[PDB]
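For neighbour counting, all protein chains shown are included, and Cβ atoms are generated from backbone atoms with ideal geometry for every residue, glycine included. Please treat every number below as a calculation from the coordinates, not as lab data.
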Amino acid sequence: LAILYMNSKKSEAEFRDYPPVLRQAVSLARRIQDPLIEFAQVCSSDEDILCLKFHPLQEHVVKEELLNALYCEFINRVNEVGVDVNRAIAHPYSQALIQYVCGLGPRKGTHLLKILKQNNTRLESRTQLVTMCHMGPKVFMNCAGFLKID
Amino acid sequence: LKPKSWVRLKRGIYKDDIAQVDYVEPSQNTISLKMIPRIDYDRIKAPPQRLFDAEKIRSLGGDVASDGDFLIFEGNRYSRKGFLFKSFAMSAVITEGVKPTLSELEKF
Amino acid sequence: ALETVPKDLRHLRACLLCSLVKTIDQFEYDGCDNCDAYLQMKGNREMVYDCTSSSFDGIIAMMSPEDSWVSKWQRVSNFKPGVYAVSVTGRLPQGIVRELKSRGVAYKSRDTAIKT
Amino acid sequence: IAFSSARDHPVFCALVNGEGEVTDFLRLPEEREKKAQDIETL
Ligand SMILES: [Zn+2]
């Protein structure tokens, strides 16, 4: 995974002067703390996650089905671990996780973070989601359990 | 060299950067400008233009003083509502030969 | 006489009514030679910086303003011989321009420059 | 700590704080004297 992050354009953006091997070092240091966070943070897209070698024959399986199966395992893990929106606002690294929170995704998540950022305030309570943001009752029903608040 | 105008920087780290002048001190000693920082904050040393944010910077350390939406740090880095308002030196900024495009109108 | 010519070419500014160029301390100490009864900028700096601007282009040293083409095109022919700016940027505040109109002086913009 | 082929290639390491931010990094580039100084700086 650190090789993948080292090669990723994201690492270039985050560390422009650092040599490639220095980028592996930070990714390894992040992975040991929490592989879920690092894996989700580097595997931004389908083209990225497919670079890891899960099985020698993975290139031959149907991509729509493989990607769905892998993201389903990410969704499961992110919902078991939960996501802290406050640290996601303060620290962009965790912003990747909400995409996998059930009931949410890129469109809804980026909107939610954009609002919370623009307001410059942490979520004091989960009721703040429907109060401050414009998310509907059913998505709130789905995701409220999986959203942590320190 | 008048307020509400558009100027560009020539020397220093702010190479070829488009900025805007908001207010000029009646003493004409220093001038206030709207700009985007290019420093690393002492972590890359032993970068492109992107908007400043006031929360990822407060953990590296240093003398940081926050009073709500107003922040002061690292040699009076005047800041308000997430934007920097520190003043520039007249020799480093060039006023003529800018001719701003629509993209600048959306940044500030 | 030479009291009207810049003492030093450091800190030069052009009056914004008559475009006469002098050093900041020359205006502050002696005042503007052509325009004093309608503006009254002698004895303070607040009025000086409100009306008078440092942002001017070129200088024309006018030796015989009475008999010169450059003096006509520039509307300085009835002024005293001295150094003038070719073009000064800015506009008077919304107080003296009204007072000037009230006193019968038609304030016309010294910003001769064409935009782009 | 990360590295490569090592044939005339250095070893790099980065200290990452609990929040995920990175601190100042260290470069670790007959052999006994060089390794001894590398060990000492480490
Ligand atoms: Zn005058």
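Numbers at a glance
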item	result
Contact order normalised by residue count of segment C:1-104, Cα under 8 Å, 6+ apart, percent	30 percent
Those GluC sites (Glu not before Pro) in segment A:41-150 that DSSP places in a loop and that have at most 12 other beta carbons within 10 Å	A:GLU124
Average projected area [Cα convex hull, segment C:1-104], square nanometres	6.4 nm²
Rg/Rg_ref, segment B:16-108, where Rg_ref = 2.2 N^0.38 Å and atoms are Cα	1.19
Most mobile listed residue (C:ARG98, C:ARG45, C:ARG13) in chain C, GNM with C-alpha springs under 10 Å	C:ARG98
Span from the segment C:51-106 Cα centroid across to the segment B:69-108 one, whole angstrom	34 Å
In segment C:56-96, the trypsin sites (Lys or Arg not before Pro) that fall in loop regions by DSSP, at most 14 other Cβ within 10 Å	C:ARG75, C:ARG91
Interchain or long-range residues, amide H under 5 Å from B:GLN20's placed H	B:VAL7, B:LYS34
Shielding score for A:13-19, defined as the mean number of other chain Cβ atoms within 10 Å	5
Semi-axis lengths (Å, descending) of the ellipsoid that matches the C-alpha gyration tensor of the protein assembly as shown	62, 28, 19
In segment C:1-104, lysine pairs with alpha-carbon atoms under 20 angstrom apart (chain gap of 8 or more, or interchain)	7
Partner chain coverage, peptide A:28-36 - average Cβ within 10 angstrom	3
Radius of gyration and Dmax over the Cα atoms of chain D, both given in Å	12.4, 41
Calculated on alpha-carbon atoms, Rg and Dmax of chain A in Å	16.6, 49
Qualifying trypsin sites (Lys or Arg not before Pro) for segment A:1-84 [loop in DSSP, other Cβ within 10 Å: at most 13]	A:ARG16, A:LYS53
Set of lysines with alpha-carbon distance to B:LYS56 below 16 Å, sequence-local pairs under 8 removed	A:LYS114, A:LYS117, B:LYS81
Of C:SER19, C:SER68, C:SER77, the one that fluctuates the most in a GNM where chain C has Cα springs shorter than 10 Å	C:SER68
Neighbourhood charge, 9 Å Cβ-Cβ cut-off, centred on B:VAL21 and excluding it, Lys, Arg +1 and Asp, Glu -1	+2
Gaussian network model of chain A, springs between alpha carbon atoms under 10 Å - residue of A:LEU22, A:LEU67, A:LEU97 with greatest fluctuation	A:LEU22
Efficiency of FRET between B:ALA92 and C:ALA61 - r from beta-carbon atoms, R0 35 angstrom, step 0.05	0.65
